[PDB]
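S.K.: just the starting chains for now, same placement as in the complex:
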Amino acid sequence: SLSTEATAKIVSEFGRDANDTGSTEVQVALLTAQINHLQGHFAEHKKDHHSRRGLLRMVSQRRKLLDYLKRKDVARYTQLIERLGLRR
Amino acid sequence: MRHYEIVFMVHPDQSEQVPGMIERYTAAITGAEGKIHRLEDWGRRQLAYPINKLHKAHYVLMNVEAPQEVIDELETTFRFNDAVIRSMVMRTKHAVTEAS
Amino acid sequence: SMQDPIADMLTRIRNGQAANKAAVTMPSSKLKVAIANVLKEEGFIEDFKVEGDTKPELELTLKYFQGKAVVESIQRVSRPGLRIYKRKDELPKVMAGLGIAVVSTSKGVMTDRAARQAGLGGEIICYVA
Amino acid sequence: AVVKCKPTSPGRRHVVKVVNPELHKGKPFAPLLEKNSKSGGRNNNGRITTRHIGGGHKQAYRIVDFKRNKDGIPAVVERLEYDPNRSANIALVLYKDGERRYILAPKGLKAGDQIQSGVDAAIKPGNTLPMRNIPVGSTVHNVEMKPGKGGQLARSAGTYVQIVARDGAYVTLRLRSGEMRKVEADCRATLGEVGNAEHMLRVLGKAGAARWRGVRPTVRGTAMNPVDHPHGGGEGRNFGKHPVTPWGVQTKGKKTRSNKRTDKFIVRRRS
């Protein structure tokens, strides 16, 4: 679950072709917005351990994509964490 | 848009007290500058089983077409009310005119 | 996950000749057509033929003998977790000359028989009987 | 909150303190404070009339409007702060024309909330109305026992009362102590639960910390001689008699209620 217009907001910024999501920079920006939308259910107390497993899965997906991106190109990594709140 | 039917049942002799509350049951929506789709009765009816020792009651529904961040105020709207015996919410379903 | 392109070819051969299939097909490659030309003239398949040029495929016609497959065992041995290299006499004897070992070599894909006849060695692909 | 302590002298590491960072740490509203000098548990001409009470620290008393003078006047909650005369914390209420009073606190900690008495007043907790206009099962906050007499019952941290029946002119309360009794439906209720609710999680730490909370020691009656306290007995450590008050009467299980005025309004009582 993510707000209905919010996927297209990533295409309207990290995308470079209409309605396109093949970019790993779009995937990491979308996963970051999805993690933020899921932190709306947390940021308080640990009771939902099941929905927290899916949170750790998308946090691991972002970490697994960043490992692949750091192995691809260091500038494409550095310029992604320049537009997103990573290594704050 | 967010939708809720907001149907409630009142004590039959307190049906004379409901027109004094015709802006009070909607006070959560008027306080949000909105206006409900209906706020209309569904007549007086006999009960299939008796609730709080009543056997015939009067029915009203609102169709609020209003956001989920005042649905807790629509809970308090009935919490301290003496004229109701039961309310129910029925989420989504949309809202339309005629035929209740 | 999907781990090996040759197991996806050898399973079609081994299980297809157990299930009496006429001809079996998989994605092509330079290596896959090199071993097909050995397995053909060593009499382990009845035909091989390619299909396409962009996302290319290879079809192998299976060979039968006395109501069973012509092959008694086709074994990998040389696999992603362990590759095997064999020198000109270090080459093993597969089923006392009733089977072959297949070698890649720097000089073309061939049998250990042809490698001995050339004083040659290399990496193993498979052992067939 | 509540939070643990840290040791400065042996020992305190497992002690707990309440801590409420949403209350204003500033100064009480001065027109409502009285000297309220201590009496040491000793009456006008005494001699002790209540034991163990003695010592300070010095403390002014804050005048609260439990009587809720005037009716239907619009107000706002300007401040929420702690009060050491009590335990549920206090609210500073500001009426529309600049009148300020201290009033018994809600469960809420958000300030600027607009509050008024009435029945066409918003249905929310904190807006006070007569119990003739509310349904059964409701939590009523602090209430008056006679119309216009002012707030008694459920004034301590997180405490409340519930109305469990109503008929004609009267309403039945259920008390958390195990009591159940009637009051007149002309009596005012503020609805919901009172402030703090954490006070029972505190554990003080060290004997001296009570000495500035109006406490002094007094020796065990069982440790002195029977001329002094009647619980005293020769050689001690084996009494051979029932435990008693300082006047030689039972001190386990003996009931003492003798009011006879308010009892015909009661349905059920504390065990």
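M.R.: Everything's here; your move. Numbering: from 1, shown residues only, chains lettered A, B, ... in the order given.

S.K.: please tell me how far the spatially closest residue to residue B:39 that is not a sequence neighbour sits from chain D.
M.R.: Distance criterion CB to CB, 6 or more residues apart in numbering or on different chains; nearest residue to residue B:39, sequence neighbours excluded, is residue B:62 at 5.1 Å. Just so you know, the C-beta spots here come from the backbone N, C-alpha and C atoms, and that holds for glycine as well. Using CB to the nearest CB, to the nearest Å, we find residue B:62 at a distance of 16 Å from chain D.

S.K.: what is the burial count for residue B:62?
M.R.: Close neighbours of residue B:62, defined as other CB atoms under 10 Å in any protein chain shown, add up to 23.

S.K.: just the helices in chain C please.
M.R.: With DSSP state H, the ranges of helices along chain C come out as C:7-18, C:30-41, C:112-118.

S.K.: so what's the residue nearest to residue B:39 up against?
M.R.: If you count contacts by CB atoms under 8 Å, 6 or more residues apart in numbering or on different chains, residue B:62 has them with B:4-7, B:25-26, B:36-39.

S.K.: ditto for residue B:48
M.R.: Listed by CB under 8 Å, 6+ apart, the contact set of residue B:48 is empty.

S.K.: could the helices of chain C go into TSV alongside distance to residue D:255 and mean neighbour count?
M.R.: Listed next are these as TSV, based on distance: least, CB to CB, whole Å; neighbours: other CB atoms under 10 Å in any protein chain shown:
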stretch	distance to residue D:255	mean neighbour count
helix C:7-18	88	16
helix C:30-41	99	16
helix C:112-118	107	16
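
S.K.: of the contacts of residue B:62, closest to residue D:212?
M.R.: Distance ranking of the contacts of residue B:62 against residue D:212, using CB to CB, places residue B:25 first at 53.5 Å.

S.K.: surely that closest one is within a strand?
M.R.: No: judged by DSSP: H, G, I helix; E, B strand; the rest coil, residue B:25 forms no part of a strand; its state is coil.

S.K.: correct me if wrong: it contacts residue B:39.
M.R.: Yes: because the distance of 7.4 Å satisfies CB atoms under 8 Å, residue B:25 is recorded as touching residue B:39.

S.K.: name the residues contacting each of the two.
M.R.: By CB under 8 Å, 6+ apart, the residues touching both residue B:25 and residue B:39 are B:60, B:62.

S.K.: and those two? Which one has more around it.
M.R.: A count of neighbours by other CB under 10 Å puts residue B:25 above the other of residue B:25 and residue B:39, at 25 against 17.

S.K.: what's opposite the nearest residue to residue B:7 once chain neighbours are set aside in the beta bridge?
M.R.: Ranked by CB to CB, 6+ apart and with sequence neighbours excluded, the top spatial neighbour of residue B:7 is residue B:61, at 4.3 Å. Residues found in beta-bridge contact with residue B:61 (criterion: DSSP bridges) are residue B:7, residue B:40.

S.K.: throw chain E onto that model:
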Amino acid sequence: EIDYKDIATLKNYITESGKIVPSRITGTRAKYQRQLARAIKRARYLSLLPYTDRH
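M.R.: One more chain to add, chain E, which I have set with the ones above:
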């Protein structure tokens, strides 16, 4: 499919005791049965259909 403002259509899927009839009888199958159950359980709590039965 969800509403309580007609019981003349809901009567076909219940008994005299107000019990819900299993989908293997009424040709509803599980998917539409689970919808009719919601209309009935709403109409129950509004006292438009019998809930419990003793006689």
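
S.K.: once more on the contacts of residue B:62, with chain E this time?
M.R.: B:4-7, B:25-26, B:36-39.

S.K.: how many neighbours does residue 6 have?
M.R.: All of this refers to chain A. Counted with other CB under 10 Å, residues neighbouring residue A:6 total 13.

S.K.: wrong chain, I was asking about chain D
M.R.: Neighbours around residue D:6, by other CB under 10 Å: 7.

S.K.: in what helix or strand does it lie?
M.R.: Here residue D:6, judged by DSSP states H and E, is contained in no helix and no strand.

S.K.: wouldn't it be in contact with residue D:12 here?
M.R.: Yes: the pair formed by residue D:6 and residue D:12 meets the contact definition of CB under 8 Å, at 6.9 Å.

S.K.: which helix or which strand is home to the closest residue to chain B within chain A?
M.R.: The shortest separation between chain A and chain B is 12.5 Å, found at residue A:4 (distances taken as CB to the nearest CB). Of the helices and strands defined by DSSP H and E, none includes residue A:4.

S.K.: which residues are contacting stretch D:193-200?
M.R.: If you take CB under 8 Å, 6+ apart as the criterion, stretch D:193-200 is touched by D:1-2, D:18, D:20, D:80, D:87-91, D:104-107, D:139, D:141-142, D:154-160.

S.K.: and if we set it to 10 Å?
M.R.: Contacts with stretch D:193-200, where a contact means CB atoms under 10 Å, 6 or more residues apart in numbering or on different chains, come from D:1-2, D:16-20, D:23, D:80, D:82-83, D:86-91, D:104-109, D:125, D:139-142, D:154-161.

S.K.: ok now that stretch, how far from the chain's centre?
M.R.: Taking CA atoms, centre = their mean, to the nearest Å, one finds stretch D:193-200 lying 10 Å from the centre of the chain it belongs to.

S.K.: which stretches of chain E form helices?
M.R.: With DSSP H as the definition, chain E shows helices at residue ranges E:23-26, E:29-45.

S.K.: any idea which of these gets closest to chain B?
M.R.: Using CB to the nearest CB, the nearest of these to chain B is helix E:29-45, at 6.3 Å.

S.K.: still on that earlier bit, which of the helices of chain E sits most buried?
M.R.: Per-residue neighbour counts averaged over each of these give the maximum for helix E:29-45, namely a mean of 15 (mean count of other CB atoms under 10 Å in any protein chain shown).

S.K.: list the contacts of that one.
M.R.: So helix E:29-45 is in contact with B:5, B:7, B:48-49, B:51, B:86, B:88, B:90, E:1-7, E:9-14, E:18-24, E:26-28, E:48-52, going by CB under 10 Å, 6+ apart.

S.K.: and for stretch D:211-225?
M.R.: D:38, D:40-41, D:48, D:51-59, D:84, D:204, D:207-210, D:228-234, D:236-237, D:239, D:241, D:243-246, D:248, D:251.

S.K.: also, this goes in as RNA strand F:
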RNA sequence: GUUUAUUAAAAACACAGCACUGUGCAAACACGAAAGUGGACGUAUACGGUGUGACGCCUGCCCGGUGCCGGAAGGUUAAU
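M.R.: Same chains as before, plus RNA strand F:
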């Protein structure tokens, strides 16, 4: 930390705490027959009475006696 000031400074006394119990506010209760006052201008997360005394691990048997609480019919039984 306290104590027999002037033969005992302690293992006794006190204590956060722990337990048992009273108390619906004109509280319980004290001194006074009362006048008042203190408890308290506090309100069961508050106050009174008593015992027990960090903590950890545990904690069998007994209602004959002595006091309390409830059951309320009946018995012994006053003024009348």
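
S.K.: repeat for the contacts of stretch D:193-200, accounting for RNA strand F.
M.R.: Residues outside stretch D:193-200 that contact it (CB under 10 Å, 6+ apart): D:1-2, D:16-20, D:23, D:80, D:82-83, D:86-91, D:104-109, D:125, D:139-142, D:154-161.

S.K.: end to end, how far does that stretch reach?
M.R.: In terms of CA to CA, to the nearest Å, the two terminal residues of stretch D:193-200 are separated by 16 Å.

S.K.: buried set for stretch D:49-67?
M.R.: Across stretch D:49-67, burial judged by 16 or more other CB atoms under 10 Å in any protein chain shown covers D:54, D:62, D:64, D:66.

S.K.: residues in contact with the spatially most central residue of chain C?
M.R.: Nearest to the mean C-alpha position of chain C, by CA atoms, centre = their mean, lies residue C:35 at 5.0 Å. The neighbours of residue C:35, taking CB under 10 Å, 6+ apart as the test, are C:6, C:9-10, C:29, C:44-45, C:48, C:102, C:104, C:109, C:125-126, C:128.

S.K.: for residue D:222, give me phi and psi.
M.R.: Comment: the main-chain dihedrals of residue D:222 come out as phi -70, psi -10, following degrees, to the nearest 10.

S.K.: neighbours of it, just the number please.
M.R.: Once other CB under 10 Å is used to define contacts, residue D:222 is seen to have 15 neighbours.

S.K.: where's it relative to residue D:243, distance?
M.R.: The spacing between residue D:222 and residue D:243, counted by CB to CB, to the nearest Å, is 8 Å.

S.K.: what is in contact with those two at once?
M.R.: When contacts are counted by CB under 10 Å, 6+ apart, residue D:222 and residue D:243 have residue D:231 as shared neighbours.

S.K.: quick one, domains of chain C?
M.R.: Residue ranges of the domains in chain C are recorded as C:5-69, C:74-128, according to CATH domains of a matching chain.

S.K.: sorry, back to before: make JSON lines from the contacts of residue C:35 and add distance to residue C:22 to it.
M.R.: Compiled in JSON lines, the contacts of residue C:35 are given as follows (distance: CB to CB, whole Å):
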{"residue": "C:6", "distance to residue C:22": "22"}
{"residue": "C:9", "distance to residue C:22": "17"}
{"residue": "C:10", "distance to residue C:22": "18"}
{"residue": "C:29", "distance to residue C:22": "23"}
{"residue": "C:44", "distance to residue C:22": "16"}
{"residue": "C:45", "distance to residue C:22": "12"}
{"residue": "C:48", "distance to residue C:22": "13"}
{"residue": "C:102", "distance to residue C:22": "24"}
{"residue": "C:104", "distance to residue C:22": "29"}
{"residue": "C:109", "distance to residue C:22": "26"}
{"residue": "C:125", "distance to residue C:22": "25"}
{"residue": "C:126", "distance to residue C:22": "23"}
{"residue": "C:128", "distance to residue C:22": "21"}
